[PDB]
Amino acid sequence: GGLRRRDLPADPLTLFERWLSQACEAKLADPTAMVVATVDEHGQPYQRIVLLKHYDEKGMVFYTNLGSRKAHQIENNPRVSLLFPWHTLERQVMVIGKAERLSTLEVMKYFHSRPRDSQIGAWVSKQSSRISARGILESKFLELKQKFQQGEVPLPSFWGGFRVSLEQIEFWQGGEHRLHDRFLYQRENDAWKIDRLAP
């Protein structure tokens, strides 16, 4: 029907929750899937999809291997962008913010909630490094599955997470004639300034 300023909530998370809710409702594949962009030391941007696992006023959270390329890039430049590719629903949500590491307590809690095969898998991969063959991953997996016996499957020291703060959140919704609705929520010291952007 359209997206009019007068219908927007004060808090952008409120609109995001609604859009996330309807996305699950429409059964999109991986509704929590978002593309996270980071930048290396030479100014080159990099992208990969990760899953949003939690969000609130403090920011959006995802977990990853601390030795990965994104991790290395975030340590040198914490500025990141997140984009939810919801175009089958004629929508997009883009977030601008800084990524900060989650504490051990937060990570252990989420880690032990994952399927065991995934916990073991976490142990297996030296994420982003070049490896000579797939078999390396497969032998290790087997090796560890039995090594643990699974007693509790330990939290790898190289496993962690990041929380991306909400400095800016942009909502995009398809419009005919290429005239789409775009609203940019921008942090103004606790409060949110809203502007419609030309498509």
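Take the two forms, superpose them, and find the largest set of C-alpha atoms that agree within 1.5 Å; that set is the rigid core. In this text, residue numbers run from 1 along the sequence as written.
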Stretch departing more from the displayed form, 51-59 or 170-178, Cα RMS in 5 other deposited structures of this protein (core fit): 170-178
Positional deviation of Cα atoms in 5 other deposited structures of this protein after core superposition, greater for 15-23 or 183-191: 183-191
Entry-level comparison of average CA B-factors, 175-183 and 21-29, reporting the higher stretch: 21-29
Stretch with the higher entry mean CA B-factor, where the candidates are 76-84 and 112-120: 112-120
Maximum C-alpha temperature factor, selected from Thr64, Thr38, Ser165, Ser139: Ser139
Criterion, highest CA B-factor; candidates, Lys70, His42, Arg130, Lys145: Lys145
Position of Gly161 among the chain's modelled residues by C-alpha B-factor, lowest, middle or highest third: lowest
Chain-relative CA temperature factor third for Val153: highest
Record-listed C-alpha B factor of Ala99: chain third: middle
Among modelled residues of the same chain, the CA temperature factor third for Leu105: highest
